[PDB]
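Just the one chain here, the form deposited in one PDB entry, laid out as structure tokens.
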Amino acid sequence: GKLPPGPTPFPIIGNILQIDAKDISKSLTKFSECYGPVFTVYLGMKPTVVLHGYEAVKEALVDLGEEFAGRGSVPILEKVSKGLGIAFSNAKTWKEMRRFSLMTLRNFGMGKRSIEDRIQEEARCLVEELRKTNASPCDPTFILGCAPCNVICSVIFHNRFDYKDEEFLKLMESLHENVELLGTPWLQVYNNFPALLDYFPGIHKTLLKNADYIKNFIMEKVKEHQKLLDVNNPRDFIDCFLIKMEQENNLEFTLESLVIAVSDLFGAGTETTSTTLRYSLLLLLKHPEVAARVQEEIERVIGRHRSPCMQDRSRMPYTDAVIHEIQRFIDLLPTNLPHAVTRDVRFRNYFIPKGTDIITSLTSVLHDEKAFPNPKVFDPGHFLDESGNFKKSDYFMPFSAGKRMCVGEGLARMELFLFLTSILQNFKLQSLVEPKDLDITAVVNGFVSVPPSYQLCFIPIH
């Protein structure tokens, strides 16, 4: 019996007034200092168990993986998914979509053209459009959003779009707008106070219009794929899904579920990778010696006359340590994505009833002071041994862990490695201000820690 301890909840509104509206993780870490690694908080009337620290997070997500494999409250967004898709689905529907997606999203899961090849083509397109900035000051937000989005287009539709393509920009504008409107760390909130929906219908209204533009953009391509389907040679996510439908026995596979599953991948993989890439460049501007050392490794291992490839990563410990350090340092999703227990569970000396929402503090793992000495300081050394070789850490958990762990983790890491090295191989980064005046403090917008706005010049290396 009994839920974990926690701050005394004021009637109806819960612990809201005790949580920093700008930085919930910071609040969760303060609560943990006086309630321990496992505590409860109220985002309204319903209790939410918070897991803080590597041991608690790992014990639940990994050791008790099935119990914590549920997708917690994610209002509106969960509703547009209609219990289908991957991110907000649960039980059998989730299991089948996730299994299908993992098998399909392998490097060579969709024919002879690997996911790596697709990312390499995009890395070249990214370098080309950066050349078009002609070494003038520019905000990289747009182009850095296009590349990741195009990578997903390539793996889903087997097609990429020009960075000036109307529908594509629209897709990104529809994706962006939708994630912005439906942005908040709590998330559990829209499943609580209905009066707020009417006070601020703006956030909830355009979603049907744009999330439908997304669903419509996708459905349109699906129809095109059905006419060109080759059962012996599927070349993208859609074909593989269409084949799974043709033969089948699976009622979980419909054109409706395909559209939603594709919406999820786009939603989960576009903004995260884009933000990480944008934050990467900022950190390189902030610590130019890091950028210089990565370039030294690029020249020595890859050289100047060929595109970087995944095989290069194992031979580039410094660059790998830098990519790991960027993800750990930026802590993209401070509180992960909301989980929920799939059944009554006795976690340690506490009892957690089925359906209870769970929040895991990834910030507490990624910034553990013992696993990463001086955790608030950017230092690739956190992933380097005394001999300059790459050093793994069980605390490197930016993609989460367990049964719900990021489905596109492999794809994301390839994108970071190939885009960053292709960028540093072809350009020197020049900031308008000195590193000492460069703001690198993140501001959590929705679920994501985004870097402050900045501009830079991409000076071609020749």
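For every residue, the number given is its place in the sequence shown, counted from 1. Superpose the two forms; the largest set of C-alphas matching within 1.5 Å is the rigid core.
Beyond what is shown, the protein has a form deposited in another entry; the following relates to that form.
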Superposing on the rigid core, which residue among 373, 388, 288, 353 shifts its Cα by at least 2 Å between this form and the one not shown?
388
Superposing on the rigid core, do we see a C-alpha displacement of 2 Å or more at residue 79 between this form and the one not shown?
yes
Once the core is aligned, please say if the CA of residue 220 is shifted by at least 2 angstroms between this form and the one not shown.
no
With both forms fit on the core, has residue 299 moved 2 Å or more by CA between this form and the one not shown?
no
Please check whether, in that other deposited form, the CA atoms of residue 81 and residue 404 lie closer or farther apart than here, given a change of 3 Å or more.
farther
At a change of 3 Å or more, would you call the C-alpha separation of residue 81 and residue 449 in that other deposited form closer or farther than in the form supplied?
farther
